[PDB]
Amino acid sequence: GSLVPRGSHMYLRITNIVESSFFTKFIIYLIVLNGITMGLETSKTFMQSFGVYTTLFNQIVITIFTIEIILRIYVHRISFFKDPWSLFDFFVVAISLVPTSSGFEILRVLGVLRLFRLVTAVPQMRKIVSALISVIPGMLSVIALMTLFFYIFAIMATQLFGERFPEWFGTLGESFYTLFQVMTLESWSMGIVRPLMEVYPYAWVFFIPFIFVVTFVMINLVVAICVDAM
């Protein structure tokens, strides 16, 4: 493979650096250091004392991480952009590269996602994430079914309850949101359906069978993962 390596005179030179155990260790060390520093940046008292420290520390770590991804791309070439873990690394570092201002501060908040590089860089963490994720394919049909089910009941509820209950059902999205809440069973009766039954006494004919189905499916979804994994 590798098609046309960078040398392989300096290709191998940087490859042994990148491929080393020290290289991974140092990076992980910085992940943990930056994770600690990010919790510290949460205190307004710490930021009034050591604000400058952590801010420069931050931009320093991010420079190292960018160089790291660059070195890893020269070594792994095309293989890099075919590796989900490396892709996550790339995108979570790229996010972190957007200037101190501009756009919105969501990009600054999403910067904290780089701490998930602990999962990337540490094996066994990969292994558990990998195990959890591979369970998802045998769920897509049920998820698909459930999504269609929510969509149909959201449309119904929007048009049955939206005019007299705009906050909870005024809009398709509002209805989706509220139906999700009912599925988690959070205040479904005292907070949503009892108030609904004061105008619409048969509202129970809608939410109870909704609750049976959504619950029945969730149970089968779990049993699936119990059986499909066992």
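All residue numbers are counted from 1 along the displayed sequence.
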Please compare 194-202 with 36-44 and name the stretch with the higher mean C-alpha B-factor in the deposited structure. 36-44
Pick between 181-189 and 61-69: the one whose mean CA B-factor in the entry is higher. 61-69
Residue set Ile78, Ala154, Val109, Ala131, per-entry CA B-factor max assigned to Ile78
Taking only the Cα B-factors deposited for this chain, tell me whether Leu12 sits in the lowest, middle or highest third. highest
Going by the CA temperature factor in the PDB record, which third of the chain does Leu56 belong to: lowest, middle or highest? highest
If you rank the chain by CA B-factor, which third does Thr147 end up in: lowest, middle or highest? lowest
Third of chain Cα B-factors occupied by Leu97: highest
Give the position of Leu221 by CA B-factor within its chain, expressed as the lowest, middle or highest third. middle
